[PDB]
Amino acid sequence: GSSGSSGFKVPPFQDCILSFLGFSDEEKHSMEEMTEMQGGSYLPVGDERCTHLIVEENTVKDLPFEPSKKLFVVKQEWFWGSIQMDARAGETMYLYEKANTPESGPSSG
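What the deposited record gives as its method is solution NMR.

Visitor: For helix α2 (residues 76-86), give the residues involved together with the corresponding values.
Guide: Residues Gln 76, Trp 78, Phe 79, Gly 81, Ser 82 and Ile 83 constitute the buried set of α2. Buried residues along α2 sit in contact with β1 (18-21), α1 (25-38), β2 (52-55) and β3 (72-74).

Visitor: Account for the packing of aromatic side chains, with residues named and values stated.
Guide: Inspection of the entire model under this criterion finds five aromatic pairs. Ring geometry for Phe 20 versus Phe 23: centroids 6.2 Å apart, planes at 85°, classification edge-to-face. For the pair shown, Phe 20 and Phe 23 are each scored as buried. Centroid distance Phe 79 to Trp 80: 5.5 Å. Interplanar angle 65°. Geometry classified as edge-to-face. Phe 79 sits in the buried class, given a relative accessible area of 0%.

Visitor: Which residues make up the sheet that holds β3, and what values do they have?
Guide: Reading across from one edge, β1-β2-β3 is the order of the three strands in this open sheet, with parallel pairing throughout. If you trace the sheet from one side to the other, it starts and ends with β1 and β3, each paired once. The mean angle between the axes of side-by-side strands here comes to 25°, regardless of whether they run parallel or antiparallel. As paired strands, β1 and β2 are joined by four bridges and run parallel to one another. Bridge pairing links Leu 21 to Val 55 in β2. The sheet strands contacting α2 are β1, β2 and β3, and the helix crosses β2 at an angle near 110°.

Visitor: Outline the pairing of β2, supporting the account with residue identities and numerical values.
Guide: Neither face of β2 is open: one carries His 52 and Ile 54, the other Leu 53 and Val 55, and all of them are buried. In the classification by handedness, the crossover that spans β1, the intervening α1 and the parallel β2 is left-handed. Alignment of β2 against β3, held across three bridges, turns out to be parallel. Following the sheet pairing, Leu 53 is matched in β3 by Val 73.

Visitor: Residue-level account of the side chain of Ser 19, with values.
Guide: Residue placement: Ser 19 occurs in strand β1. A relative accessible area of 3% means that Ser 19 is categorised as buried. Reaching out from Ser 19, the side chain makes a polar contact with the backbone oxygen of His 52 at a distance of 2.7 Å. Not counting chain neighbours up to four residues away, the residues in contact with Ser 19 comprise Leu 43, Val 45, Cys 50, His 52, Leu 53 and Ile 54.

Definitions and cut-offs
Residues numbered from 1 in each chain as written, not as in the entry; some residues may be left out. Heavy atoms only, no water. Buried < 20%, exposed > 50% of the residue type's maximum accessible area, 1.4 Å probe, protein only. Helix = DSSP H or I, 4+ residues; strand = E, 2+ residues; numbered from the N terminus. Contact = heavy atoms within 4.5 Å. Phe/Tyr/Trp six-rings, centres within 6.5 Å; stacked < 30°, edge-to-face > 60°. Pairing = 2+ DSSP bridges. Axes fitted to C-alpha atoms, helices over the stretch in contact; angles between N-to-C directions. Right-handed = clockwise from strand over helix to strand, strands pointing away. Polar contact = N/O pair within 3.5 Å; in protein donor to acceptor, adjacent residues only side chain to side chain.

This is the structure in structure tokens:
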């Protein structure tokens, strides 16, 4: 794979793919294009070619598949932040643990 970067700077997603699962075709798209703008790639869920998996624990409880340990699954924040600070944050800080949060949908009760 031939590259074309003439600089001492590197993107927060350099040679790193990000998969989004849960967000709406709209919210997701935005992320897909973004990844490229920053300096990374984006692939459809399932493709093992993906290195990182960003799942929305807000509306997602369990993954539709059983990924390997190699794949680092994190929350949605991880992706966002990294972009805001333009720096690859630590997955151990956004590691997705099927964390189920309250008020998932209808708050009123």
